[PDB]
Amino acid sequence: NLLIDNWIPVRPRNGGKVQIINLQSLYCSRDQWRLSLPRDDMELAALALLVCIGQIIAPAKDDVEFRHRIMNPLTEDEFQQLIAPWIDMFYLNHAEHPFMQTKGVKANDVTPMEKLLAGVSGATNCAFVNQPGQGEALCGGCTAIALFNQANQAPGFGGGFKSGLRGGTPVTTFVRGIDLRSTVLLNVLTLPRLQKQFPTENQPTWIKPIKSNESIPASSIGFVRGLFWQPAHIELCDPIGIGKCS
RNA sequence: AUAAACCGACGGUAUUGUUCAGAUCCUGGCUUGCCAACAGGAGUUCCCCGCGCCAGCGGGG
């Protein structure tokens, strides 16, 4: 679960070794973190995920509170309160509503993980210029990040596959902070602006599925359904045991 | 053994056809190259040779 267990790849703001923390450790400490992945595009995909998460779990009621939470980390009790009604929507492996997935996908073959690795494959020259086996075994964090990247920044897999709400390959622009905690909070719209931004079906595509060949008025989409939009029918396979993430 | 390694930008293709540079036109007038002068001096020629009066005369290279 993205709200509970460790999955966030960080290292100290000016420190060294990578450690995998959880959302609570990020929101409830004056520790300075910065995202750390081998790819800048995945670091951005991760931040986008974090921001979209913090957008639904803790919009400030006003600018006064907005400035307060930035300078002051929440307490673990406040955090648990806020994440409580959302735990149900952030499960990777889940019975009826897997995170950004769709149970019951009819496919003759199993798609390799490289197809979510945005650029490792996609062109006829990729197999010649890129290193093989980058997607043989992806950890939980990278998998979610990759899924979120495909739905937002990357183009569709091919014919019959749709792209995100902003279209194919949009430019994402976030306000930069001093550390990871501040940056995430800095990009969360306060409740008033949130209402002015979105004046609907406010349930995800993996809980309230999209109907085939249906026409959807853009105004009929809730902000959480849109932020976590999944234009593609994707279903993860059963994972494997302990080892290095490729 | 380095965003490295392995690794063609490739294949075909007339720039062609036409066209006086042409008519007229002194380079022209003047102007010593000039003064002096034995082609004479100087016997080296290195050999072989034959005949002398020892001075010098000959034939071969």
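In what follows, chains carry the letters A, B, and so on, assigned in the order in which the sequence lines appear, proteins first and then strands, with residues in each chain numbered from 1. Below, each value reflects all heavy atoms present in this structure, side chains not excepted, and no hydrogens, waters or symmetry copies.
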When the [atom1] atoms of [N] and [M] are considered, how many whole Å apart are they?
{"N": "B:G60", "M": "B:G43", "atom1": "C1'", "answer": "24 Å"}
{"N": "B:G59", "M": "B:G50", "atom1": "P", "answer": "15 Å"}
{"N": "B:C10", "M": "B:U19", "atom1": "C1'", "answer": "45 Å"}
{"N": "B:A1", "M": "B:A5", "atom1": "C1'", "answer": "8 Å"}
{"N": "B:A3", "M": "B:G11", "atom1": "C1'", "answer": "33 Å"}
{"N": "B:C51", "M": "B:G56", "atom1": "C1'", "answer": "11 Å"}
{"N": "B:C7", "M": "B:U2", "atom1": "P", "answer": "15 Å"}
{"N": "B:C47", "M": "B:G61", "atom1": "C1'", "answer": "9 Å"}

Problem - With A:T102, the side chain to side chain donor-acceptor pair (under 3.5 Å) member among A:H97, A:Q230, A:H233 - result: A:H233
Could you tell me how far apart [X] ([atom1]) and [N] ([atom2]) are, to the nearest whole angstrom?
{"X": "A:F128", "N": "B:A4", "atom1": "CZ", "atom2": "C1'", "result": "12 Å"}
{"X": "A:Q134", "N": "B:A3", "atom1": "CD", "atom2": "P", "result": "14 Å"}
{"X": "A:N130", "N": "B:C6", "atom1": "CG", "atom2": "P", "result": "17 Å"}
{"X": "A:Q131", "N": "B:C6", "atom1": "CD", "atom2": "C1'", "result": "13 Å"}
{"X": "A:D40", "N": "B:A3", "atom1": "CG", "atom2": "P", "result": "16 Å"}

Quick one: do [N] and [M] stack, meaning six-ring centroids under 5.5 Å and planes under 30°?
{"N": "B:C25", "M": "B:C26", "answer": "no"}
{"N": "B:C47", "M": "B:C48", "answer": "yes"}
{"N": "B:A42", "M": "B:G43", "answer": "no"}
{"N": "B:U32", "M": "B:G33", "answer": "no"}

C1'-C2'-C3'-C4' for [N]: north (positive) or south (negative)?
{"N": "B:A37", "answer": "south"}
{"N": "B:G50", "answer": "north"}
{"N": "B:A21", "answer": "south"}
{"N": "B:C46", "answer": "north"}
{"N": "B:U16", "answer": "north"}

Please classify [N] as syn or anti, treating any glycosidic angle within 90° of 0 as syn.
{"N": "B:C20", "result": "syn"}
{"N": "B:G40", "result": "anti"}
{"N": "B:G8", "result": "syn"}
{"N": "B:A4", "result": "anti"}
{"N": "B:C51", "result": "anti"}

Exercise for the section: Could you give me the CA-CA distance, side-chain angles and deciding distance for A:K103 and A:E235, then say whether salt bridge (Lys or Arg N to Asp or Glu O under 4.0 Å) is met? Expected result: CA-CA 6 Å; A:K103 279 296 181 181; A:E235 184 176 354; 3.5 Å; yes
Practice task
Scan residues 124-150 of chain A for pairs that pass side-chain hydrogen bond (donor to acceptor under 3.5 Å, both in side chains), counting only residues two or more places apart or in two chains.
Solution key: none
Exercise for the section: Using a strict 4.0 Å threshold on nitrogen-to-oxygen distance, state whether A:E65 and A:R69 make a salt bridge. Expected result: yes
Practice task
Over 60° means perpendicular and under 30° means parallel, so classify the ring planes of A:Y27 and A:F79, tilted if in between.
Solution key: tilted
Practice task
Report the C-alpha separation of A:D62 and A:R193 in whole Å, then their side-chain angles, then the decisive distance to 0.1 Å, and conclude whether the salt bridge (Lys or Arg N to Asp or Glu O under 4.0 Å) test is met.
Solution key: CA-CA 9 Å; A:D62 49 34; A:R193 299 191 184 90; over 6 Å; no
Practice task
Answer yes if the ring centres of A:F99 and A:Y91 are under 6.0 angstrom apart, and no otherwise.
Solution key: no
